[PDB]
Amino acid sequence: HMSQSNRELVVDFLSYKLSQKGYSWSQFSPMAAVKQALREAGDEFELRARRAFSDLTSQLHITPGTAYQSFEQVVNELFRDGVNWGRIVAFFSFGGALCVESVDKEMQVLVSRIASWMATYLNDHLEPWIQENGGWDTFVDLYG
């Protein structure tokens, strides 16, 4: 599935971010070129933009009581003007950031929830645009 592919991108990207930043990824255990390009795009976006996503994280204030609907409403703000590649990279970086914040809040149970929320959101709201615009191959053509 494209859905399966998308859940795997999510897990790869979050594992990479946790590993990179000193955290455990142990909740988790041509695709390769997409994963690599996405890893690199996340790093570039984070070095350059240095976004704390302060507004979003504070709006969410994630706890193990938080439901997907609340994540969806916040993340929707990245797409108020619709989808493009840079906002997709920002969505991946935002979810890496929420993962790291959850660990830092001693709420490590949320990491696997956030990967599930991200896959649902990506498959529901983002894939339509991705497919319309040449799929992940185009992502590699632009970034990779």
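Numbers follow the displayed sequence, beginning with 1.
Asker: For the stretch from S29 to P30, please bin the deposited residues that the model skips: none, 1 to 3, 4 to 9, or 10 or more.
Answerer: A long stretch, 10 or more residues, is missing between them.
Asker: Hey, which bit's got the bigger mean C-alpha B factor in the entry, 92 to 100 or 63 to 71?
Answerer: That would be 63 to 71.
Asker: Taking only the CA atoms, which stretch has the higher mean B-factor in the record, 38 to 46 or 51 to 59?
Answerer: Going by the record's values, the stretch with the higher mean is 51 to 59.
Asker: Identify, among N76, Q108, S116, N84, the residue whose C-alpha carries the highest B-factor in the deposited PDB entry.
Answerer: In this record, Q108 carries the highest C-alpha B-factor of the candidates.
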